[PDB]
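Colleague: For reference, the file query.cif (mmCIF, C-alpha atoms) is included below:
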data_my_file
#
loop_
_atom_site.label_atom_id
_atom_site.label_comp_id
_atom_site.auth_asym_id
_atom_site.auth_seq_id
_atom_site.Cartn_x
_atom_site.Cartn_y
_atom_site.Cartn_z
CA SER A 22 -17.62 16.00 -26.42
CA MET A 23 -18.90 17.02 -23.07
CA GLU A 24 -19.28 13.36 -22.01
CA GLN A 25 -15.54 12.58 -22.79
CA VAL A 26 -14.53 15.52 -20.57
CA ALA A 27 -16.82 14.37 -17.65
CA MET A 28 -15.31 10.88 -18.12
CA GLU A 29 -11.82 12.47 -18.00
CA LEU A 30 -12.73 14.45 -14.82
CA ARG A 31 -13.77 11.10 -13.13
CA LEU A 32 -10.52 9.36 -14.21
CA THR A 33 -8.61 12.38 -12.82
CA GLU A 34 -10.44 12.07 -9.54
CA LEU A 35 -9.86 8.28 -9.50
CA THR A 36 -6.16 9.06 -10.17
CA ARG A 37 -6.34 11.54 -7.32
CA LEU A 38 -7.77 8.97 -4.91
CA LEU A 39 -5.37 6.19 -6.09
CA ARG A 40 -2.40 8.51 -5.50
CA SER A 41 -3.42 9.01 -1.88
CA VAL A 42 -3.95 5.20 -1.54
CA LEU A 43 -0.52 4.55 -3.09
CA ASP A 44 1.09 6.96 -0.60
CA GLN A 45 -0.61 5.20 2.31
CA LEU A 46 0.48 1.74 1.08
CA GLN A 47 4.02 2.91 0.50
CA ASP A 48 4.18 4.30 4.10
CA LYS A 49 3.65 0.69 5.20
CA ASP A 50 7.06 -0.17 3.67
CA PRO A 51 9.44 2.08 5.67
CA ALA A 52 12.37 -0.16 4.78
CA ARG A 53 11.76 0.66 1.04
CA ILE A 54 12.00 -3.03 0.10
CA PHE A 55 9.27 -2.55 -2.56
CA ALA A 56 10.18 0.94 -3.73
CA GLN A 57 12.02 0.05 -6.92
CA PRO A 58 12.15 -2.82 -9.42
CA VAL A 59 14.26 -5.85 -8.45
CA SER A 60 17.67 -5.19 -10.13
CA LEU A 61 18.38 -7.58 -13.03
CA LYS A 62 22.07 -6.63 -12.68
CA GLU A 63 21.96 -7.90 -9.04
CA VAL A 64 19.41 -10.72 -9.57
CA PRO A 65 20.16 -11.74 -13.18
CA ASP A 66 17.95 -14.89 -13.02
CA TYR A 67 14.92 -12.93 -11.65
CA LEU A 68 12.71 -13.24 -14.78
CA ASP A 69 13.17 -17.03 -14.83
CA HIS A 70 11.27 -16.96 -11.47
CA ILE A 71 8.93 -13.99 -11.68
CA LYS A 72 7.07 -13.37 -14.93
CA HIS A 73 5.41 -10.08 -14.07
CA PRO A 74 7.67 -7.99 -11.78
CA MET A 75 6.14 -5.07 -9.97
CA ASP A 76 7.16 -2.33 -7.54
CA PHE A 77 5.92 1.00 -6.18
CA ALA A 78 7.87 3.23 -8.62
CA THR A 79 6.50 1.29 -11.63
CA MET A 80 2.92 1.69 -10.18
CA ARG A 81 3.51 5.39 -9.74
CA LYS A 82 4.50 5.80 -13.42
CA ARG A 83 1.30 4.01 -14.49
CA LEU A 84 -0.72 6.02 -12.01
CA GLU A 85 0.61 9.39 -13.32
CA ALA A 86 -0.15 8.41 -16.91
CA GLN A 87 -3.77 7.77 -15.63
CA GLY A 88 -3.17 4.19 -16.61
CA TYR A 89 -5.41 2.65 -13.88
CA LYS A 90 -9.04 2.54 -15.12
CA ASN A 91 -10.53 1.25 -11.84
CA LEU A 92 -9.37 0.16 -8.34
CA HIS A 93 -9.30 -3.54 -9.40
CA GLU A 94 -6.40 -2.91 -11.81
CA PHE A 95 -4.49 -0.97 -9.09
CA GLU A 96 -5.03 -3.82 -6.61
CA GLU A 97 -3.79 -6.36 -9.14
CA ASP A 98 -0.45 -4.50 -9.30
CA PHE A 99 -0.25 -4.14 -5.47
CA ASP A 100 -0.92 -7.82 -5.11
CA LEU A 101 1.90 -8.63 -7.65
CA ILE A 102 4.39 -6.73 -5.48
CA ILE A 103 3.44 -8.96 -2.51
CA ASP A 104 2.92 -12.28 -4.26
CA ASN A 105 6.14 -12.05 -6.33
CA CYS A 106 8.12 -11.44 -3.10
CA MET A 107 6.50 -14.33 -1.27
CA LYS A 108 7.42 -16.68 -4.10
CA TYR A 109 11.02 -15.63 -4.75
CA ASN A 110 11.98 -15.23 -1.14
CA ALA A 111 11.78 -17.93 1.51
CA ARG A 112 9.58 -17.67 4.61
CA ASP A 113 12.47 -16.90 6.97
CA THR A 114 13.74 -13.80 5.15
CA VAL A 115 13.34 -10.13 5.89
CA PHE A 116 11.88 -9.77 2.40
CA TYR A 117 9.08 -12.33 2.79
CA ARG A 118 8.27 -10.96 6.24
CA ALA A 119 8.12 -7.39 4.85
CA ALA A 120 5.55 -8.56 2.22
CA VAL A 121 3.37 -10.20 4.82
CA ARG A 122 3.33 -7.02 6.94
CA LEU A 123 2.55 -4.88 3.85
CA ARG A 124 -0.30 -7.18 2.86
CA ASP A 125 -1.75 -7.14 6.38
CA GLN A 126 -1.40 -3.39 6.86
CA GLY A 127 -2.49 -2.50 3.31
CA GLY A 128 -5.77 -4.46 3.79
CA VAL A 129 -7.22 -1.68 5.94
CA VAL A 130 -6.39 1.08 3.40
CA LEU A 131 -7.73 -0.97 0.50
CA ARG A 132 -10.95 -1.91 2.35
CA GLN A 133 -11.76 1.80 2.76
CA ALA A 134 -10.63 2.73 -0.75
CA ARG A 135 -13.21 0.29 -2.21
CA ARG A 136 -15.98 1.86 -0.14
CA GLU A 137 -14.79 5.38 -1.30
CA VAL A 138 -14.72 4.36 -4.97
CA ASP A 139 -18.24 2.79 -4.85
CA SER A 140 -19.52 5.71 -2.70
CA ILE A 141 -18.14 8.63 -4.82
CA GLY A 142 -18.82 6.46 -7.94
#
Starting from the file, give its structure as structure tokens.

Modeller:
Amino acid sequence: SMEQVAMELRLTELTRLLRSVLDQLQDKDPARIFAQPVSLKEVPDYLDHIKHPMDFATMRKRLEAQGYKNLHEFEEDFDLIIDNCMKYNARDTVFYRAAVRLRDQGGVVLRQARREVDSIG
């Protein structure tokens, strides 16, 4: 149908806008602390602590499969990256501090993305 295609064009544009957002959020992590999944070889107990791991490369795979239906789902995953880190790592660690800075700096990007998603529809 013509509707399904129009629907698909919107998802492709949402995917387009979320890819730009992801790139901007990932620039806020120049140390690449959140780039890849926490290694289960190097942190074998990780899943005893963190039930839903997340990282930027895993978000990118979902993104490129057009697996985010709306900005809310995308934000859920970004928030997991941050909140998982802040639980597993103590306050006085480079990891916890990197998450705080990513949260704070990502807020600005995400604030405008919401306006752009509502605005463009």

Colleague: Tell me which residues the PyMOL selection byres ((chain A and resi 81-93) around 9) grabs here, as a ChimeraX atom specification.

Modeller: /A:32-33,35-36,39-40,43,76-80,94-98,134-135,138

Colleague: Would you translate the PyMOL selection byres ((chain A and resi 119-131) around 12) into the concrete set of residues it matches in this file, as JSON, numbers by chain?

Modeller: {"A": [38, 39, 41, 42, 43, 44, 45, 46, 47, 48, 49, 50, 51, 52, 53, 54, 55, 76, 92, 93, 95, 96, 97, 99, 100, 101, 102, 103, 104, 105, 106, 107, 108, 109, 110, 111, 112, 113, 114, 115, 116, 117, 118, 132, 133, 134, 135, 136, 137, 138]}

Colleague: Go ahead and save the picked residues with C-alpha atoms, as a PDB file, keeping the file's coordinate frame.

Modeller:
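Below is the file result_32.pdb, written as the result:
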ATOM      1  CA  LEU A  38      -7.770   8.970  -4.910  1.00  0.00           C
ATOM      2  CA  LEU A  39      -5.370   6.190  -6.090  1.00  0.00           C
ATOM      3  CA  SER A  41      -3.420   9.010  -1.880  1.00  0.00           C
ATOM      4  CA  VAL A  42      -3.950   5.200  -1.540  1.00  0.00           C
ATOM      5  CA  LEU A  43      -0.520   4.550  -3.090  1.00  0.00           C
ATOM      6  CA  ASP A  44       1.090   6.960  -0.600  1.00  0.00           C
ATOM      7  CA  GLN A  45      -0.610   5.200   2.310  1.00  0.00           C
ATOM      8  CA  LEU A  46       0.480   1.740   1.080  1.00  0.00           C
ATOM      9  CA  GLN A  47       4.020   2.910   0.500  1.00  0.00           C
ATOM     10  CA  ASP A  48       4.180   4.300   4.100  1.00  0.00           C
ATOM     11  CA  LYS A  49       3.650   0.690   5.200  1.00  0.00           C
ATOM     12  CA  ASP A  50       7.060  -0.170   3.670  1.00  0.00           C
ATOM     13  CA  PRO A  51       9.440   2.080   5.670  1.00  0.00           C
ATOM     14  CA  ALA A  52      12.370  -0.160   4.780  1.00  0.00           C
ATOM     15  CA  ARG A  53      11.760   0.660   1.040  1.00  0.00           C
ATOM     16  CA  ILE A  54      12.000  -3.030   0.100  1.00  0.00           C
ATOM     17  CA  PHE A  55       9.270  -2.550  -2.560  1.00  0.00           C
ATOM     18  CA  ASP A  76       7.160  -2.330  -7.540  1.00  0.00           C
ATOM     19  CA  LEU A  92      -9.370   0.160  -8.340  1.00  0.00           C
ATOM     20  CA  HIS A  93      -9.300  -3.540  -9.400  1.00  0.00           C
ATOM     21  CA  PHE A  95      -4.490  -0.970  -9.090  1.00  0.00           C
ATOM     22  CA  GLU A  96      -5.030  -3.820  -6.610  1.00  0.00           C
ATOM     23  CA  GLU A  97      -3.790  -6.360  -9.140  1.00  0.00           C
ATOM     24  CA  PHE A  99      -0.250  -4.140  -5.470  1.00  0.00           C
ATOM     25  CA  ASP A 100      -0.920  -7.820  -5.110  1.00  0.00           C
ATOM     26  CA  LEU A 101       1.900  -8.630  -7.650  1.00  0.00           C
ATOM     27  CA  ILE A 102       4.390  -6.730  -5.480  1.00  0.00           C
ATOM     28  CA  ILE A 103       3.440  -8.960  -2.510  1.00  0.00           C
ATOM     29  CA  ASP A 104       2.920 -12.280  -4.260  1.00  0.00           C
ATOM     30  CA  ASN A 105       6.140 -12.050  -6.330  1.00  0.00           C
ATOM     31  CA  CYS A 106       8.120 -11.440  -3.100  1.00  0.00           C
ATOM     32  CA  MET A 107       6.500 -14.330  -1.270  1.00  0.00           C
ATOM     33  CA  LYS A 108       7.420 -16.680  -4.100  1.00  0.00           C
ATOM     34  CA  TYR A 109      11.020 -15.630  -4.750  1.00  0.00           C
ATOM     35  CA  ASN A 110      11.980 -15.230  -1.140  1.00  0.00           C
ATOM     36  CA  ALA A 111      11.780 -17.930   1.510  1.00  0.00           C
ATOM     37  CA  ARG A 112       9.580 -17.670   4.610  1.00  0.00           C
ATOM     38  CA  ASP A 113      12.470 -16.900   6.970  1.00  0.00           C
ATOM     39  CA  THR A 114      13.740 -13.800   5.150  1.00  0.00           C
ATOM     40  CA  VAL A 115      13.340 -10.130   5.890  1.00  0.00           C
ATOM     41  CA  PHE A 116      11.880  -9.770   2.400  1.00  0.00           C
ATOM     42  CA  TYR A 117       9.080 -12.330   2.790  1.00  0.00           C
ATOM     43  CA  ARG A 118       8.270 -10.960   6.240  1.00  0.00           C
ATOM     44  CA  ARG A 132     -10.950  -1.910   2.350  1.00  0.00           C
ATOM     45  CA  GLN A 133     -11.760   1.800   2.760  1.00  0.00           C
ATOM     46  CA  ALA A 134     -10.630   2.730  -0.750  1.00  0.00           C
ATOM     47  CA  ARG A 135     -13.210   0.290  -2.210  1.00  0.00           C
ATOM     48  CA  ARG A 136     -15.980   1.860  -0.140  1.00  0.00           C
ATOM     49  CA  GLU A 137     -14.790   5.380  -1.300  1.00  0.00           C
ATOM     50  CA  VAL A 138     -14.720   4.360  -4.970  1.00  0.00           C
TER      51      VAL A 138
END

Colleague: Rounded to one decimal place, report the CA of residue 23 in chain A-CA of residue 141 in chain A distance in Å.

Modeller: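 Separation of CA of residue 23 in chain A and CA of residue 141 in chain A: 20.1 Å.
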
Colleague: To one decimal place in Å, what is the distance between CA of residue 37 in chain A and CA of residue 74 in chain A?

Modeller: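 Taking CA of residue 37 in chain A as the start and CA of residue 74 in chain A as the end point, the length is 24.4 Å.
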
Colleague: How big is the axis-aligned box around all listed atoms of range 52-64 of chain A once 8 Å goes on each side, and where's its centre, in Å to one decimal, as lines of an AutoDock Vina configuration file?

Modeller:
center_x = 15.7
center_y = -4.9
center_z = -4.1
size_x = 28.8
size_y = 27.7
size_z = 33.8

Colleague: Go ahead and compute the interatomic distance for CA of residue 73 in chain A and CA of residue 34 in chain A, in Å to one decimal.

Modeller: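 Going from CA of residue 73 in chain A over to CA of residue 34 in chain A, I get 27.6 Å.
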